[PDB]
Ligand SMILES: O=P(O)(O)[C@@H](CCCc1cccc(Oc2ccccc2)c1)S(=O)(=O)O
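One chain is shown next in structure tokens, namely the form deposited without the ligand.
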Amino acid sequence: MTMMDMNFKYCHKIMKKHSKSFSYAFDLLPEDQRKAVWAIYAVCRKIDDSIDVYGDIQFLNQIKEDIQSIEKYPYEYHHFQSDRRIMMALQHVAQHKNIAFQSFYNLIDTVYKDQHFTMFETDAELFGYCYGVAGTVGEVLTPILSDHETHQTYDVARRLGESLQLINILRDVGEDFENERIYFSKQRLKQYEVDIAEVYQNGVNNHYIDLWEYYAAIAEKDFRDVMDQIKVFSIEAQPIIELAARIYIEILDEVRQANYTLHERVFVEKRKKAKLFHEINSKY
């Protein structure tokens, strides 16, 4: 194990700890590609989690300065201020692949703003947030998952990232509420006559189910549109992205099977993930 291997193994640890679903799928990529995904995913996770280190923006400002250093001087040695293992790995990736730095900055800007979170007035604001925290991740991963990127490649990766984030929102309604966050928009909540605190206390009801399904239908349609355009990705990445996506679509059914509970985090069994891989791998 070289020092750089240690850095990437740490990024893998971070990715697998945060999401068994994505790790299950992306770890199937060829070695050089999966390591780049681990590094990009790990940087985005550190950014997403940064405010709670001390309780303010210090660490986030350091992550940003580190990324700016890599962008400006990819081939110079930097004494990183945030997490050296992750930044050394990101820099290693940047030395070999085009990295969309402004997408990392859009993500950082979204996380800074989330400090002053106020509910979204409309679905456009919710979808803007999905872009900021997840469509940006799809954008940064685009060159790793495709041989020749076009605006189309980025558009499909961005839409996949945003769809996955909407599924995350649909799975986490209860845990997010506990953490003083409601992502459904005020407009849609008013329209469907739903109060999340009231549902967290009293259980599901038809108004809530209708609202949840309204968003689930949007995620499912976007998923279909991404699958229809899967050929923008490299031949090796195609079944991996289809698997990652199918596992997430499956979380929606797990929520329905659990009667839309706001009191536990549902999940797709590892054994079920393997079943989905078999079904897709047989098509390829």
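By rigid core we mean the largest C-alpha set that fits within 1.5 Å across both forms. Counting begins at 1, following the sequence as shown. Residues that one form lacks are left out of the comparison.
Keep in mind that the form solved in complex with the ligand is not shown, yet the notes after this line are about it.
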property	result
Partner contact for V133 in the deposited bound form: the ligand, 4.5 angstroms, heavy atom	yes
Exercise: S103 in contact with the ligand in the deposited bound form, heavy atom 4.5 Å	no
Any non-hydrogen atom of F22 within 4.5 angstroms of the ligand in the deposited bound form	yes
Distance check, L141 to the ligand in the deposited bound form, heavy atom within 4.5 Å	yes
Per-stretch contact check against the ligand in the deposited bound form, the hit in 62 to 70, 213 to 221, 253 to 261, 46 to 54 (non-hydrogen atom, 4.5 angstroms)	46 to 54
Whether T122, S185 and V194 all lie within 4.5 angstroms of the ligand in the deposited bound form by heavy atom	no
Residues of 153 to 179 having any heavy atom within 4.5 Å of the ligand in the deposited bound form, listed in sequence order	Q165, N168, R171, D172
Consecutive stretches, 3 or more residues long, displaced between this form and the one not shown (C-alpha shift of at least 2 Å once the core is aligned)	51 to 56
